[PDB]
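Scroll down for the structure; my scribbles are underneath it.
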Amino acid sequence: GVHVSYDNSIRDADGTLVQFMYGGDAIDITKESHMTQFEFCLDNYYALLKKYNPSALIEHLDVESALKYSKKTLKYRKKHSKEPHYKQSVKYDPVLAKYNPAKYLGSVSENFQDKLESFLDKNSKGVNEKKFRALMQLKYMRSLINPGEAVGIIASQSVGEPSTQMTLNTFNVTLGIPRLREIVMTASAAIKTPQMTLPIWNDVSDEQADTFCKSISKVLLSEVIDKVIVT
Amino acid sequence: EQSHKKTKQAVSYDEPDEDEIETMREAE
Amino acid sequence: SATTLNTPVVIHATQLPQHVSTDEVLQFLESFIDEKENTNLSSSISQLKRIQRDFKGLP
Amino acid sequence: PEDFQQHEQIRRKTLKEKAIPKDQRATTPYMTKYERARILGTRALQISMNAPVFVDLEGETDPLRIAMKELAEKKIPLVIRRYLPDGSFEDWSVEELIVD
Amino acid sequence: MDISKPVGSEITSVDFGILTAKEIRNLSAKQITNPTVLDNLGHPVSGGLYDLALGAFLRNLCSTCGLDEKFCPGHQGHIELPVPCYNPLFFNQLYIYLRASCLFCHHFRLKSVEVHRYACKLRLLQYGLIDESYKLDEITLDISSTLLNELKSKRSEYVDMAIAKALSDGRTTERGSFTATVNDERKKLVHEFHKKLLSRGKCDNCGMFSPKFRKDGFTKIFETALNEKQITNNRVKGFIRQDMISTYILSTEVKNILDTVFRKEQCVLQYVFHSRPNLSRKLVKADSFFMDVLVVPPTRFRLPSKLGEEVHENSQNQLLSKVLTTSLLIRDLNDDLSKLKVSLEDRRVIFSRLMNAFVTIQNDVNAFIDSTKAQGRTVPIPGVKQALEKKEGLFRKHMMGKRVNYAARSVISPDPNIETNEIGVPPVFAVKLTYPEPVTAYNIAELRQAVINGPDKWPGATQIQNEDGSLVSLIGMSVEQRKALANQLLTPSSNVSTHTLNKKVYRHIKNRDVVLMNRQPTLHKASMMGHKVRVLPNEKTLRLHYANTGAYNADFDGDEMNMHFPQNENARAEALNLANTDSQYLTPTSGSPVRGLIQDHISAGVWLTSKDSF
Amino acid sequence: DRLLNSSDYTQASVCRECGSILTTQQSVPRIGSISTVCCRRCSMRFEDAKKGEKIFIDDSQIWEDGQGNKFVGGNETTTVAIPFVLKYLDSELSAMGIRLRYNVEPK
Amino acid sequence: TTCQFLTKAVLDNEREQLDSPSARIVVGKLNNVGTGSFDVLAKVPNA
Amino acid sequence: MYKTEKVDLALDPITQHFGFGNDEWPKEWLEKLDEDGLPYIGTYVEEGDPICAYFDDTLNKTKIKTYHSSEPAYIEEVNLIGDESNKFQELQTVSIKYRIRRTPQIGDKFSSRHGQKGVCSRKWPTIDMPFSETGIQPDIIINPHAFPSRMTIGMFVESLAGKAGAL
Amino acid sequence: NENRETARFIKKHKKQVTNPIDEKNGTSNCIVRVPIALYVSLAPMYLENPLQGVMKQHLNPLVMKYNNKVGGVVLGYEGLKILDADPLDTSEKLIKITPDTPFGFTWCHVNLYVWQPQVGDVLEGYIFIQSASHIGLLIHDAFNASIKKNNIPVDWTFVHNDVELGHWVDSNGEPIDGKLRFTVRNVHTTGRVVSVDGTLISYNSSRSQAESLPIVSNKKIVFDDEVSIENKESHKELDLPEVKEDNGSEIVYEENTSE
Ligand SMILES: [Zn+2]
Ligand SMILES: [Zn+2]
Ligand SMILES: [Zn+2]
């Protein structure tokens, strides 16, 4: 039942909301390929400009609302760059949360925004850096997942079909289908190999960390006994 | 064995009669 | 015979039937017969002409 | 007769309540892959039932290729009723929707 | 499916409920009383499972609608059970309500204020308001009746206000809001309610103890005798009654206990048994858990299975005949009971005869519904529960999945001369697979030839459908009749009732058609694509291009593929624009290609595009 | 197309008043009259229909079965396109004493 | 557990809104996904 | 391909008898079966054709046991066996052998003695087939893209050994 | 609750609007105007002219035929209006199309003029034919009416015509005039053409429970003639098996022995 609604959100068969936006950007995977291939798109500017015909769209969309907002979010993002995630500003939320991607040119994912802006800075090259920005903004607009798309079946098929390739045995932790079953199929509270990844500081040396490993590792009486003589 | 699978038009997605059935043998 | 393209799905009286005078019936008949005359409907108009004829004259 | 008039009033009231006016509509100006597929299929179905065609079918025998030609000249007289998860809808004509 | 046959009415929702005995008796076409199915000579016996009132059987016309075996839809009948029986599916539930109720005041042993608290919470949950159901627990003032009744009043006041407030806004409709989280909160409460209900030993309303009820695998209940501590408790609390004015228990006794309890506790059960508000205002009766009658399905769904020459008896009729034998026997036992009595004393025998009569019909009822609830007979006959869950189940084997018309299967063979979006169809399939093409002015020329060509010459036609709805097969006809029918395709309809319609030609699959190619297992939607038909002469196998090898995960090692031929333009458009091969270049798994050339073509390219190649 | 249209697509009669496919039946008409789809559940036995002043049945409301029994009402029947397994399922559920009510629009 | 879920449905007096792909297939209704996520209406000229 | 069928009349008093009953005889059956009711050894049979004939007194009608298979055949052997009796002898058991001709069809598997099996993709004409300097066109064509994955070098040495031994 | 459930049934068969006797004519006005709502199908051939569709398809076969819902004979329709599926100024409306077929379905509003004659209503008709057991009449020279022998007064005596047919004579002793006034006893819809069963003779007839006691003699005449008509009709189109005796003799069934 899970599909794309006309309000771009991922809704179940009964109308209950599952996601507010597909992957947080509403992009169709079968389109997200050359969307970061900026040099390719630049070498084929006029070819793609003719493909994504904007002349029959300029009257149906907004060209500034989202673009202005995108700068305001980028402003507060750069202000708290060194700051941690909990201390980050919550004044302006993403441009995709406030503007419909199919109606506002510029309501693009911050991931795409950062990647596109980085290309225009690191590469100074009859195409202007401003008219190329619009083409890529338009490419993202034309790369959106269609309302009605059964993202539910597609997701399970995208997890199922390649999990056939991992039917072969190990060459410690649970892998392949048994591990996938522990998650998706049984949601086990009693995992076969429960683990914890502990990030060690820089001020703690390789010898200190190994001594710490010994300090937590379970020690049995058997492990310290050499011989037992019963007379 | 593949000749029988070559002619049969599957009812569904294989069968859980293996380890999955013994995992389902746990009541809440 | 008795299909979706022949007969309607549902018929409902939107209001109670309001009685019409002899002159109103005759005014309607004249209006309906003239509009329809302007294939199996022809036999129904033929019968309708007899009612109109009875409401003002003799057969 | 009295109980039906109330039922009809409620039916039409709920319909109007769900209808999103032409100005307040906020879905994609683009015709979805699914909309195009159904429009071409439904119009082809109409063409096969001797429906008045608004294009010159120069030796065309396939109703779908006729429905495709009518789409190219935006002569398909159909409307898409885009439903939202609450039951409300946006009526979009085939003419106004952008086709790739 | 016919486009010439549109439907004006549609099912918008399905409501689940229980059939009442009074309801079945009125709709019934005939009362079934006879265990025999056929009279002598071979005619169905009156009052038996093959009665003609249940539908047309043995070249006889139906005695209800008058139609023959083809047009008769079949009619439901009924068996009058001489004593009520526990419905197997709802036995566990009626058992819960039997153990939870007091046998004296005939209320649930849980305190009325606590029961009302659940009724309040469950009423607020009929509408989508969980926050309010929890806020009810905040309403707080061995406790006097005048004080507890004020708590019930204040709680009812909050419930009526919270519903009206949310009803004023778009928070909940008159039909009530229902979500999965709302359903989760309901399921939690209905569970907690039954848990609290079963936990109480001594009745909180009237302090008298009730005798505990035990159960076995089969639908049968027993009453365990009270201990001396609880018997003396009944005596001391016996005077307060006056001022206000293991042994097997029969189905009637249980029904009579639950009858009063479901009347006295109607308020809570109203919301315990209704997911959304009860707008129908129907009473929640205990007799829904009991069966006073059995519906006899139409003869149409109980036909004897024919395998070659041998005609085998239907397993349902066998189980139904067993219910009929026991019913006639209890009718005689009750008739002998009615005869005699002044002489009694040893009444241990009359109850023993009654217990047998009750347990025997119950078993026959159980055997018919769910076999895994019936006693072992020296493999048993499957019940209706077993019929819905034979293997994968009726839902999985015949609803979610189905065997289809206008489809073919064949071993795939490679072909680099056909398009990457095409399928090489053998002429064998092309002369059998047909499309219902409606005849019009733009295609009269194309279809006239197909009609002349007939069902064995491609591109031909196997049949022609007139506007009256009738079919004219072109199979037996010679070129002369086919030529005459072709010159009669675009003739105007004389009948005004079919003037809207036009003739149809069931034409052979042409090279412009769409087909659904399928290679099992269909692990991803790319394993079921739309291909363009290319009829290849002198072929006995399905020809497929090498670019399709990846998506289907099909190797030409003697693999088999299914070909589906959709029969309408909406299904055509879908197979040509959505599920078509060209629109499946990139898989949605990683957005990477699954289409390309595989072996000779790669080695050919390295040589062709080499500098040395002039 | 696969799971319904080219499998078990059946245009079946349903009563709008009680929402069922199994109570509907074709009425048995007289020499000149036409057969009409009638619901056995919603229709009342002619004799049982007893009676401000006396009321008269509009003739179009009285239908007869093959057994010769007269019935009053149960004429609010329509046609719906459904899979045939549904009819077999409803029939099986009915044996178990379970009733399916199909809410059919228009009403 | 078809009969078990059916029992729970009857006891709840549940209304199947026929909005899930499975439910729609059971009653022969067009699936609400993709091409079934909207309605097609014909524009007619005469009043 | 040879297939054998046992036509036994057992299902103690003899009712079914091999042959043809008097007064009752459905049209053109004598084309497949001989006077004894058994088929003519060598006769072409398709599904529906009579493979034997008998008469049972219980139904007082002349019935036939039909041949049914998608592949047509020819009768190779008909053997009458009247065993499991001392003095009361009468035939009830007959064994019929079918000869089904099987030309190599598109789909049939072929393999070298090196585990290199492949289905018949097509029966390529000699004019369209590649022709050698000697004037020989290969009987079988194996694709070179089979060998890099299978690593069946035994077949490669078998090729130059077989050629050397033929010359 | 005992009478509450039965109360819903009475209102279902309750006569909405009764036909009143006016202008000292003595006859009750049965032609009435009733506004209705239809749910009709629209053929794709009528997609450019939808009003002509609804008319030729569903409203035209409706006229001069009895419609059960309006409770009378549709004499015609007036003011057809298609309800737009889109709630909104223009003549261009929209109709919802079925997902499976190209046909659309719409709600329509039209006023029907129907001939609604209830029982007890006094009507006039021109005598068409007059047999020994019934009198044929025509209401407005279009609607069929019949008065059975038992519904004719006892004082009346029928006379058979010799050499080209018959004629009925009233109580006074003179033949009956071209037009005849009668009361509606019953209205038969189920058949091909609408037929009105009429009476020429018309609670407090009880003389110590005498009304409850039926006169077998009079009750027989109305039952025998009814059965005789039903049995003669059932014998029409009756195929019986040809029986041939074990001699080669065909058994011929004929009540009359001689020619
Ligand atoms: Zn029947
Ligand atoms: Zn108590
Ligand atoms: Zn009904």
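So you can find residues: chains in the structure tokens are A, B, ... in the order shown, residues in each start at 1, and ligands are numbered from 1 in order.
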Let me see if you get this right: every residue at most 8 Å from ligand 3, counting only C-alpha atoms and all ligand atoms, written as a ChimeraX atom specification. /F:14-20,23-24,39-43,74,76-77
Mind writing the picked residues with N, CA, C and O atoms as an mmCIF file, in the first residue's frame?
```cif
data_model
loop_
_atom_site.group_PDB
_atom_site.id
_atom_site.type_symbol
_atom_site.label_atom_id
_atom_site.label_comp_id
_atom_site.auth_asym_id
_atom_site.auth_seq_id
_atom_site.Cartn_x
_atom_site.Cartn_y
_atom_site.Cartn_z
ATOM 1 N N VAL F 14 -26.591 -7.699 -6.764
ATOM 2 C CA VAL F 14 -26.441 -7.418 -5.338
ATOM 3 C C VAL F 14 -27.612 -6.564 -4.862
ATOM 4 O O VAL F 14 -28.059 -5.678 -5.589
ATOM 5 N N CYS F 15 -28.100 -6.838 -3.641
ATOM 6 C CA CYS F 15 -29.170 -6.073 -3.012
ATOM 7 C C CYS F 15 -28.555 -4.890 -2.268
ATOM 8 O O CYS F 15 -27.749 -5.101 -1.368
ATOM 9 N N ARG F 16 -28.927 -3.654 -2.644
ATOM 10 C CA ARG F 16 -28.414 -2.430 -2.018
ATOM 11 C C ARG F 16 -28.909 -2.270 -0.571
ATOM 12 O O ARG F 16 -28.209 -1.667 0.247
ATOM 13 N N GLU F 17 -30.102 -2.812 -0.262
ATOM 14 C CA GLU F 17 -30.740 -2.714 1.047
ATOM 15 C C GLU F 17 -30.009 -3.517 2.145
ATOM 16 O O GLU F 17 -29.908 -3.014 3.266
ATOM 17 N N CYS F 18 -29.514 -4.743 1.844
ATOM 18 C CA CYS F 18 -28.827 -5.586 2.840
ATOM 19 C C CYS F 18 -27.357 -5.900 2.468
ATOM 20 O O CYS F 18 -26.646 -6.501 3.281
ATOM 21 N N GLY F 19 -26.937 -5.518 1.260
ATOM 22 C CA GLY F 19 -25.580 -5.705 0.755
ATOM 23 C C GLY F 19 -25.114 -7.141 0.635
ATOM 24 O O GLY F 19 -24.155 -7.527 1.312
ATOM 25 N N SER F 20 -25.770 -7.943 -0.234
ATOM 26 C CA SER F 20 -25.411 -9.354 -0.419
ATOM 27 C C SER F 20 -25.617 -9.853 -1.852
ATOM 28 O O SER F 20 -26.516 -9.393 -2.557
ATOM 29 N N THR F 23 -28.379 -13.645 -1.537
ATOM 30 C CA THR F 23 -29.823 -13.599 -1.271
ATOM 31 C C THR F 23 -30.600 -13.220 -2.538
ATOM 32 O O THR F 23 -31.794 -13.509 -2.625
ATOM 33 N N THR F 24 -29.922 -12.582 -3.514
ATOM 34 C CA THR F 24 -30.521 -12.165 -4.785
ATOM 35 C C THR F 24 -30.815 -13.380 -5.664
ATOM 36 O O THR F 24 -30.008 -14.312 -5.734
ATOM 37 N N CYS F 39 -34.388 -9.847 -3.888
ATOM 38 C CA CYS F 39 -33.652 -10.287 -2.701
ATOM 39 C C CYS F 39 -34.570 -11.052 -1.753
ATOM 40 O O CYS F 39 -35.572 -10.504 -1.292
ATOM 41 N N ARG F 40 -34.198 -12.302 -1.434
ATOM 42 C CA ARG F 40 -34.949 -13.193 -0.546
ATOM 43 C C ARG F 40 -34.970 -12.710 0.913
ATOM 44 O O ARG F 40 -35.948 -12.965 1.618
ATOM 45 N N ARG F 41 -33.897 -12.027 1.358
ATOM 46 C CA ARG F 41 -33.736 -11.521 2.725
ATOM 47 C C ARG F 41 -34.681 -10.344 3.019
ATOM 48 O O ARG F 41 -35.428 -10.405 3.994
ATOM 49 N N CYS F 42 -34.627 -9.281 2.196
ATOM 50 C CA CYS F 42 -35.399 -8.048 2.380
ATOM 51 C C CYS F 42 -36.882 -8.197 2.010
ATOM 52 O O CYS F 42 -37.700 -7.420 2.509
ATOM 53 N N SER F 43 -37.233 -9.171 1.148
ATOM 54 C CA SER F 43 -38.626 -9.395 0.767
ATOM 55 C C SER F 43 -39.383 -10.109 1.891
ATOM 56 O O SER F 43 -38.826 -10.973 2.576
ATOM 57 N N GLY F 74 -38.094 -6.210 -1.583
ATOM 58 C CA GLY F 74 -36.792 -6.778 -1.921
ATOM 59 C C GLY F 74 -36.416 -6.544 -3.371
ATOM 60 O O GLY F 74 -35.800 -7.408 -3.999
ATOM 61 N N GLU F 76 -34.751 -3.583 -4.358
ATOM 62 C CA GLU F 76 -33.639 -2.630 -4.409
ATOM 63 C C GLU F 76 -32.320 -3.350 -4.749
ATOM 64 O O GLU F 76 -31.336 -3.241 -4.012
ATOM 65 N N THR F 77 -32.306 -4.064 -5.891
ATOM 66 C CA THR F 77 -31.150 -4.819 -6.379
ATOM 67 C C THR F 77 -30.517 -4.129 -7.581
ATOM 68 O O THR F 77 -31.219 -3.535 -8.398
#
```
With only C-alpha atoms as the counted atoms, please give the residues lying no more than 12 Å from residue 4 in chain C, apart from itself and same-chain residues fewer than 6 positions off, as a ChimeraX atom specification. /C:10 /E:3-9,497-498,500-501 /F:11,78-80 /I:39-43,54,57-58,103-105
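In chain D, the set of residues within 8 Å of chain C (atoms considered: only C-alpha atoms) is residues 1, 2, 4 and 5 of chain D.
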Please write the residues from the selection above to a file, keeping N, CA, C and O atoms, as a JSON list (two decimals), in the first residue's frame.
```
[["chain", "number", "residue", "atom", "x", "y", "z"],
["D", 1, "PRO", "N", -39.01, 10.51, -0.77],
["D", 1, "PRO", "CA", -38.94, 11.79, -1.50],
["D", 1, "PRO", "C", -38.30, 12.90, -0.66],
["D", 1, "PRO", "O", -37.55, 13.72, -1.20],
["D", 2, "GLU", "N", -38.60, 12.93, 0.65],
["D", 2, "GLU", "CA", -38.09, 13.91, 1.60],
["D", 2, "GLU", "C", -36.71, 13.48, 2.11],
["D", 2, "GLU", "O", -35.82, 14.32, 2.25],
["D", 4, "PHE", "N", -34.57, 11.53, 0.49],
["D", 4, "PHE", "CA", -33.60, 11.53, -0.61],
["D", 4, "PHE", "C", -33.01, 12.92, -0.83],
["D", 4, "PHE", "O", -31.81, 13.03, -1.09],
["D", 5, "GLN", "N", -33.85, 13.99, -0.75],
["D", 5, "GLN", "CA", -33.44, 15.38, -0.93],
["D", 5, "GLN", "C", -32.33, 15.75, 0.06],
["D", 5, "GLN", "O", -31.39, 16.45, -0.33]]
```
Show me which residues sit within 7 Å of ligand 1 when counting only C-alpha atoms and all ligand atoms, and put them as a ChimeraX atom specification. /E:53-56,62-67,72-75 /F:25
Each residue of chain I with at least one atom at most 10 Å from chain F should appear once, together with its nearest atom pair and the corresponding distance in Å (one decimal); atoms considered: only C-alpha atoms; ordering: chain, then increasing residue number; output as a Markdown table.
```
| residue | atom | partner | partner_atom | distance |
| --- | --- | --- | --- | --- |
| I:6 | CA | F:51 | CA | 9.0 |
| I:7 | CA | F:51 | CA | 9.8 |
| I:9 | CA | F:49 | CA | 8.8 |
| I:10 | CA | F:55 | CA | 7.6 |
| I:11 | CA | F:55 | CA | 9.6 |
| I:12 | CA | F:73 | CA | 9.5 |
| I:13 | CA | F:57 | CA | 6.4 |
| I:14 | CA | F:55 | CA | 6.4 |
| I:15 | CA | F:55 | CA | 7.7 |
| I:39 | CA | F:106 | CA | 7.9 |
| I:66 | CA | F:60 | CA | 9.8 |
| I:67 | CA | F:60 | CA | 9.2 |
| I:68 | CA | F:60 | CA | 6.2 |
| I:69 | CA | F:60 | CA | 9.3 |
| I:71 | CA | F:58 | CA | 7.4 |
| I:72 | CA | F:58 | CA | 9.6 |
| I:100 | CA | F:5 | CA | 9.1 |
| I:107 | CA | F:106 | CA | 9.8 |
| I:118 | CA | F:58 | CA | 8.5 |
| I:119 | CA | F:56 | CA | 7.8 |
| I:186 | CA | F:59 | CA | 8.5 |
| I:187 | CA | F:59 | CA | 7.0 |
| I:188 | CA | F:59 | CA | 6.2 |
| I:189 | CA | F:60 | CA | 6.0 |
| I:190 | CA | F:33 | CA | 5.1 |
| I:191 | CA | F:33 | CA | 4.3 |
| I:192 | CA | F:32 | CA | 6.5 |
| I:193 | CA | F:32 | CA | 9.5 |
| I:230 | CA | F:31 | CA | 9.3 |
| I:233 | CA | F:31 | CA | 7.9 |
| I:234 | CA | F:31 | CA | 8.3 |
```
Would you pick out the contacts of residue 8 in chain F at 10 Å or less, using only C-alpha atoms, so that residues sharing its chain but fewer than 6 positions from it are not included, and give the list as a VMD selection string? (chain E and resid 1 398 to 399 402 to 405) or (chain F and resid 2 82 to 86) or (chain G and resid 28)
Within 6 Å of ligand 2 (counting only C-alpha atoms and all ligand atoms), which residues show up? I'd like them as a ChimeraX atom specification. /E:102,104-105,107,109,203,205-206
Mind dumping the selected residues with N, CA and C atoms as a short mmCIF file (atom, residue, chain, number, x, y, z; two decimals), in the first residue's frame?
```cif
data_model
loop_
_atom_site.label_atom_id
_atom_site.label_comp_id
_atom_site.auth_asym_id
_atom_site.auth_seq_id
_atom_site.Cartn_x
_atom_site.Cartn_y
_atom_site.Cartn_z
N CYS E 102 -20.49 -13.36 36.98
CA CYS E 102 -21.07 -13.83 38.25
C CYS E 102 -22.34 -14.61 37.93
N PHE E 104 -24.77 -15.19 40.05
CA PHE E 104 -25.85 -14.73 40.94
C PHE E 104 -26.46 -13.38 40.50
N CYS E 105 -25.69 -12.27 40.56
CA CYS E 105 -26.20 -10.94 40.16
C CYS E 105 -26.21 -10.80 38.63
N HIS E 107 -23.70 -10.10 36.47
CA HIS E 107 -22.83 -8.99 36.08
C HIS E 107 -21.42 -9.56 36.03
N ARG E 109 -17.78 -10.13 37.38
CA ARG E 109 -17.26 -10.12 38.76
C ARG E 109 -16.39 -8.88 39.07
N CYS E 203 -16.93 -11.97 43.36
CA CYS E 203 -17.63 -10.89 42.68
C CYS E 203 -17.58 -9.60 43.51
N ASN E 205 -19.37 -6.85 42.99
CA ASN E 205 -20.72 -6.28 43.12
C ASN E 205 -21.44 -6.95 44.30
N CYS E 206 -21.72 -8.26 44.20
CA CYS E 206 -22.27 -9.07 45.29
C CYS E 206 -21.18 -10.06 45.67
#
```
Compile a residue-level contact table for chain E against chain D at a cut-off of 6 Å, reporting for every qualifying residue the shortest atom pair and its distance in Å to one decimal, with only C-alpha atoms counted, rows ordered by chain and ascending number, as a Markdown table.
```
| residue | atom | partner | partner_atom | distance |
| --- | --- | --- | --- | --- |
| E:438 | CA | D:48 | CA | 5.9 |
| E:442 | CA | D:61 | CA | 5.8 |
| E:443 | CA | D:61 | CA | 5.2 |
| E:569 | CA | D:41 | CA | 5.0 |
| E:570 | CA | D:41 | CA | 3.9 |
| E:573 | CA | D:41 | CA | 5.2 |
| E:574 | CA | D:37 | CA | 5.7 |
```
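Omitting residue 20 in chain G and its sequence neighbours fewer than 6 positions away, and counting only C-alpha atoms, the residues within 9 Å are residues 1, 12, 13 and 14 of chain A; 31 and 32 of chain G.
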Please produce a file of those selected residues containing C-alpha atoms, as a compact mmCIF listing (two decimals), in the first residue's frame.
```txt
# COMPACT_ATOMS: atom_id res chain seq x y z
CA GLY A 1 0.00 0.00 0.00
CA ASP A 12 0.27 3.95 3.46
CA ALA A 13 -2.89 2.43 1.85
CA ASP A 14 -5.08 3.83 4.72
CA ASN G 31 -5.75 -0.84 -7.04
CA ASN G 32 -5.18 2.74 -5.64
```
Which of chain H end up as helix (DSSP H, G or I) when DSSP is run on this backbone - answer as a ChimeraX atom specification? /H:144-150,153-166
Export of prior selection with N, CA, C and O atoms as a short mmCIF file (atom, residue, chain, number, x, y, z; two decimals), in the first residue's frame:
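File produced: part.cif:
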```cif
data_model
loop_
_atom_site.label_atom_id
_atom_site.label_comp_id
_atom_site.auth_asym_id
_atom_site.auth_seq_id
_atom_site.Cartn_x
_atom_site.Cartn_y
_atom_site.Cartn_z
N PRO H 144 32.96 -19.39 -28.79
CA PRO H 144 34.24 -19.29 -28.05
C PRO H 144 34.11 -18.76 -26.63
O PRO H 144 34.97 -19.05 -25.81
N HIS H 145 33.03 -18.01 -26.34
CA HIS H 145 32.77 -17.43 -25.02
C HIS H 145 32.31 -18.49 -24.00
O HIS H 145 32.04 -18.15 -22.85
N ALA H 146 32.26 -19.78 -24.39
CA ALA H 146 31.90 -20.85 -23.46
C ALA H 146 33.11 -21.28 -22.63
O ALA H 146 33.01 -21.39 -21.41
N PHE H 147 34.27 -21.43 -23.28
CA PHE H 147 35.54 -21.91 -22.75
C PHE H 147 36.24 -21.02 -21.68
O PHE H 147 36.80 -21.63 -20.76
N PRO H 148 36.26 -19.65 -21.72
CA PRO H 148 37.01 -18.90 -20.69
C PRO H 148 36.51 -19.09 -19.25
O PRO H 148 37.32 -18.97 -18.33
N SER H 149 35.22 -19.39 -19.06
CA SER H 149 34.63 -19.58 -17.74
C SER H 149 34.69 -21.05 -17.29
O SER H 149 35.04 -21.32 -16.13
N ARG H 150 34.34 -21.99 -18.19
CA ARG H 150 34.31 -23.43 -17.90
C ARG H 150 35.72 -24.03 -17.76
O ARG H 150 35.91 -24.94 -16.95
N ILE H 153 39.75 -27.35 -21.32
CA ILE H 153 40.88 -27.46 -22.25
C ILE H 153 40.99 -28.89 -22.82
O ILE H 153 41.55 -29.07 -23.90
N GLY H 154 40.40 -29.87 -22.13
CA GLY H 154 40.35 -31.25 -22.61
C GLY H 154 39.69 -31.32 -23.98
O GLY H 154 40.13 -32.10 -24.83
N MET H 155 38.64 -30.48 -24.20
CA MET H 155 37.90 -30.37 -25.46
C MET H 155 38.79 -29.76 -26.54
O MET H 155 38.73 -30.19 -27.69
N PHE H 156 39.61 -28.76 -26.17
CA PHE H 156 40.54 -28.10 -27.08
C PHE H 156 41.57 -29.10 -27.62
O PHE H 156 41.75 -29.16 -28.83
N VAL H 157 42.17 -29.94 -26.74
CA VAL H 157 43.13 -30.95 -27.19
C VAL H 157 42.40 -32.09 -27.92
O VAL H 157 42.97 -32.66 -28.85
N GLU H 158 41.12 -32.37 -27.56
CA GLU H 158 40.28 -33.38 -28.22
C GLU H 158 40.02 -32.99 -29.69
O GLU H 158 39.95 -33.87 -30.55
N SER H 159 39.91 -31.67 -29.96
CA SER H 159 39.67 -31.09 -31.27
C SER H 159 40.83 -31.36 -32.25
O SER H 159 40.59 -31.85 -33.35
N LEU H 160 42.09 -31.08 -31.83
CA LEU H 160 43.26 -31.31 -32.68
C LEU H 160 43.66 -32.80 -32.70
O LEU H 160 44.32 -33.22 -33.65
N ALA H 161 43.23 -33.59 -31.69
CA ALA H 161 43.52 -35.03 -31.67
C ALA H 161 42.59 -35.76 -32.63
O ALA H 161 43.05 -36.59 -33.41
N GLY H 162 41.29 -35.42 -32.57
CA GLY H 162 40.25 -35.99 -33.42
C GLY H 162 40.47 -35.73 -34.89
O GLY H 162 40.20 -36.60 -35.72
N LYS H 163 40.99 -34.52 -35.22
CA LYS H 163 41.31 -34.10 -36.58
C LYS H 163 42.49 -34.92 -37.11
O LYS H 163 42.41 -35.45 -38.21
N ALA H 164 43.57 -35.05 -36.29
CA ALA H 164 44.78 -35.81 -36.60
C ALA H 164 44.48 -37.28 -36.85
O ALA H 164 45.06 -37.89 -37.75
N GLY H 165 43.57 -37.84 -36.06
CA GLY H 165 43.15 -39.23 -36.16
C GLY H 165 42.23 -39.51 -37.32
O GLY H 165 42.18 -40.64 -37.80
N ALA H 166 41.47 -38.49 -37.77
CA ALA H 166 40.56 -38.63 -38.90
C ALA H 166 41.35 -38.65 -40.20
O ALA H 166 41.04 -39.45 -41.08
#
```
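A straight line drawn from CA of residue 43 in chain G to CA of residue 77 in chain D is 5.3 Å long.
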